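Since the structure comes first, as structure tokens, the remarks are kept for the end.
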2 protein chains.
Amino acid sequence: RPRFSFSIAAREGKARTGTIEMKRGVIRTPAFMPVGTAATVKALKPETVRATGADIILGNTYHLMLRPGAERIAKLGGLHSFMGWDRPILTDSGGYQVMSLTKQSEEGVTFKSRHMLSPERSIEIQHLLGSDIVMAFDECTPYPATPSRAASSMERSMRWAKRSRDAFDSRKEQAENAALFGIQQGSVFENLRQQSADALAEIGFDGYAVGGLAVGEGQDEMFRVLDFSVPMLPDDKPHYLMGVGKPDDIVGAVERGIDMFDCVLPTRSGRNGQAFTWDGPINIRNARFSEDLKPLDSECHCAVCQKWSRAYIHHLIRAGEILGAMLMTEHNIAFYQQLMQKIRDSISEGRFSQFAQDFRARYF
Amino acid sequence: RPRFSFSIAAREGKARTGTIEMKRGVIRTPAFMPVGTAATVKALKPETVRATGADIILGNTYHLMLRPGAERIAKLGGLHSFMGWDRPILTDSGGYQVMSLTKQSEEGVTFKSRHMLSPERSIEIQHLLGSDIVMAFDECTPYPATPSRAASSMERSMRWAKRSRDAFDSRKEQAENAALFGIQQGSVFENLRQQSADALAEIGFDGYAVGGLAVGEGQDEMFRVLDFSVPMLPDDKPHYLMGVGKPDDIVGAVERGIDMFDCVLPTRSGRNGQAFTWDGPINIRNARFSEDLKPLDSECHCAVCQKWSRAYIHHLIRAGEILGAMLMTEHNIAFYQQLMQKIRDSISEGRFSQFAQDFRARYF
Ligand SMILES: Cc1cccc2c(=O)nc(N)[nH]c12
Ligand SMILES: Cc1cccc2c(=O)nc(N)[nH]c12
Ligand SMILES: [Zn+2]
Ligand SMILES: [Zn+2]
């Protein structure tokens with residue numbers, strides 16, 4: 001396989017469906033990436049993650065650099081071997097996590113256990129982890145943001161994008177086996193998003209992420225920003241909306257040109273008792289499910305819905321049992337992957353717009 | 001298959017190996033039963049429990065009667081359907097758990113959320129759960145015990161054994177599809193153990209458990225009591241040592257005539273970081289495993305040892321990750337089942353005594 005090849009097989013409006021071929025495997029798009037913060041998709045074996053339909057997962061530079069350590073993982077053979085996932089892995093740059101979970105300067109960021117992070121070290125950490133899709137080191141502008149602060153932050157991110165590109169290219173093994181994605185910033189302002197998109201295109205990346213969203217702005221605002229922001233990015237490269245994952249959010253983003261997604265909602269809310277269904281999410285802890293023998297979702301074909309009832313999972317979660325977390329999480333990620341499959345197929349068949357309408361009608 | 005048929009295929013000294021055929025499946029003996037307190041073997045799907053080699057699991061009358069409820073589980077189709085385990089299930093009577101996790105009288109026991117438990121209600125609860133092997137309702141004598149208190153308790157247990165037998169027999173469906181095991185008491189006193197064994201044999205049961213042990217007495221004392229206690233039980237019926245599970249404990253008990261075991265050690269200690277190996281247990285949290293690429297145990301053929309390193313599991317447990325619990329638990333139960341398989345095969349081949357010696361030499 002090639003280091004990286006994104007091919008668009010079908011389109012409908014701004015939506016696209018296709019594939020990204022990489023050395024470790026093929027990624028079907030639009031794609032959803034389960035999040036695996038500490039070298040594990042919480043409560044799931046890698047084979048279960050794959051069984052749900054996931055083609056790629058997301059790892060984090062921040063968490064892993066702290067524990068168990070980037071150099072250590074490299075010494076142990078890389079993240080893939082370490083956690084037992086042999087397919088593509090996209091790693092965030094750590095910038096966003098640092099300013100969420102510090103001394104900021106043009107050189108990078110320092111945090112407390114004093115650790116430092118810069119464009120060059122971020123890229124090196126992702127190399128040590130053995131990441132397939134490396135994210136440029138950026139600064140996720142807080143929401144809301146004044147145009148001045150948004151501009152300053154975006155400008156710094158573009159300078160860091162250039163530094164990330166060069167760091168990545170100076171490492172032969174990494175440049176030949178991995179891919180590099182740039183990240184668009186600019187808050188909710190069209191002129192800044194345009195400047196950011198242009199700066200990124202000038203540098204040149206294998207993919208372009210839309211950053212700075214999913215940080216407090218409602219869906220209406222997010223969609224408004226995507227409306228003018230995605231068209232600014234190179235059409236022949238993947239478009240990655242970072243941190244976005246809610247079912248309806250994903251459908252709307254795909255309708256606007258997004259090809260990739262990631263978010264902790266499926267996993268985290270799963271462990272909290274929230275199960276996704278085509279008729280909307282349900283809180284399995286609610287008393288009304290104590291004797292409900294139906295599966296989490298009536299149409300879902302995941303292993304959990306084929307074997308256990310809402311009543312049983314209700315019991316497990318209220319009892320604080322680990323199996324509860326395991327079952328809720330497997331179903332949720334499977335639901336997400338099923339959503340992506342439906343999106344891909346509808347686009348391929350030229351009926352995505354109708355699928356989106358039907359989805360919203362029943363989900364809400 | 002028959003409701004119950006215990007057959008001894010081979011012997012060596014006091015050790016025996018054979019099978020218990022029941023309607024839901026065959027149990028190979030000596031057998032180890034993973035414990036599933038709240039309708040779940042902690043951190044494991046039923047199929048994983050089966051994959052490790054388990055032929056039967058243990059459920060609890062106490063925990064389930066409280067949550068989610070015996071009548072409720074019955075309404076939902078029984079414990080088997082509820083948790084997704086379709087093979088034999090042995091249920092403890094709840095007596096021991098009550099006096100561990102209250103008003104005691106000749107009629108039974110009351111506890112606080114005021115609930116009552118008696119021989120008749122215990123048997124009814126196990127019936128509602130759909131248990132395959134029902135345990136008589138007894139009183140586990142605290143250790144140490146004066147001969148007077150030990151006698152009083154044992155005598156009451158025998159009266160309750162008679163009541164359990166009659167309750168079980170008066171329920172046609174239960175008497176025809178399930179089996180009933182009596183429980184020997186008498187603390188560490190030979191004369192009381194003899195009286196208890198005789199009273200149980202007079203009533204007649206499908207199997208006989210040695211109760212009152214694994215309650216604080218060292219292995220030396222436990223073995224001394226088993227030495228004279230097991231021979232008192234009917235030879236052609238299974239001998240079940242309740243709550244006993246440590247590797248060396250199990251080997252020694254089998255050497256003394258025990259056919260069945262159960263204990264939370266594999267699962268509970270697994271979640272705590274203790275992994276069993278042929279060279280003795282290890283605490284995976286220890287710093288010396290941070291970069292150890294070897295599997296938990298060098299010979300173990302479980303799925304965990306085939307895929308992940310000590311270093312990875314070390315990371316997961318120290319990070320408090322659910323997958324850590326899942327992997328540690330699967331390996332430990334698999335180790336226990338492998339121990340039982342080795343015991344069964346060595347007995348069948350007339351080299352168990354040698355296996356016990358070799359096992360102890362390396363394990364210690
Ligand atoms: C993970 C994530 C979510 C949402 C936004 C962002 C962002 O702007 N930059 C980075 N690196 N990551 C993000
Ligand atoms: C589970 C267990 C462990 C150890 C001892 C005992 C006992 O004596 N009686 C019952 N019912 N259960 C026991
Ligand atoms: Zn499902
Ligand atoms: Zn193992």
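Cβ coordinates were reconstructed from backbone atoms using ideal geometry, including for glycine residues, and neighbour counts include every protein chain displayed. Values quoted throughout were computed directly from the atomic coordinates according to the rules given, and no laboratory measurement underlies them.
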Reduced to Cα centres, the span from region A:129-161 to region A:214-289 in Å works out to 21
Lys and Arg at +1, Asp and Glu at -1: add these up for the other residues within a Cβ distance under 13 Å of residue B:362 and post the number. -3
Residues of type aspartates and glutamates that residue B:103 reaches as a straight line, Cα spacing below 18 Å, ignoring anything fewer than 8 places off in the same chain: B:120, B:138, B:139
Quick one: net charge around residue A:23, please, counting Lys, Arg +1 and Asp, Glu -1 for every other residue with C-beta under 14 Å from its C-beta. -3
Would you mind computing, in nm to one decimal, how far apart the modelled labels at residue B:221 and residue A:143 are, each placed 7 Å from Cα along Cα→Cβ? 6.5
Normalised convex hull volume, chain B, alpha-carbon set, Å³ per residue: 133
Give me the distance in nm between label points sitting 7 Å out from Cα along the Cα-to-Cβ direction at residue A:202 and residue A:236, one decimal. 2.2
How large is the helix-only mean residue ellipticity at 222 nm for the protein assembly as shown, computed as the sum of -39500 (n - 2.57) over DSSP H runs with n ≥ 4, divided by its residue count, in deg cm²/dmol to the nearest 500? -13000 deg cm²/dmol
Net charge near residue A:93, counting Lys/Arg +1 and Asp/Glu -1 over other residues with Cβ under 12 Å of its Cβ? -3
Run the label-point distances for residue A:143 please: 7 Å along Cα to Cβ, every other copy, nanometres, shortest first. 6.2
Centre separation in Å (Cα based) which lies between region B:22-46 and region A:302-346: 24
Could you tell me which residue in chain A puts its beta carbon nearest the axis mapping A onto B, with the distance rounded to whole Å? A:322, 3
Go through A:42/A:246; A:42/B:75; A:162/A:237; A:42/A:162; A:294/B:75 and tell me which ones have a Cα-Cα distance over 22 Å in this structure. A:42/B:75; A:42/A:162
Alpha-carbon centroid distance for the pair region A:86-124 / region B:165-210, whole angstrom: 66
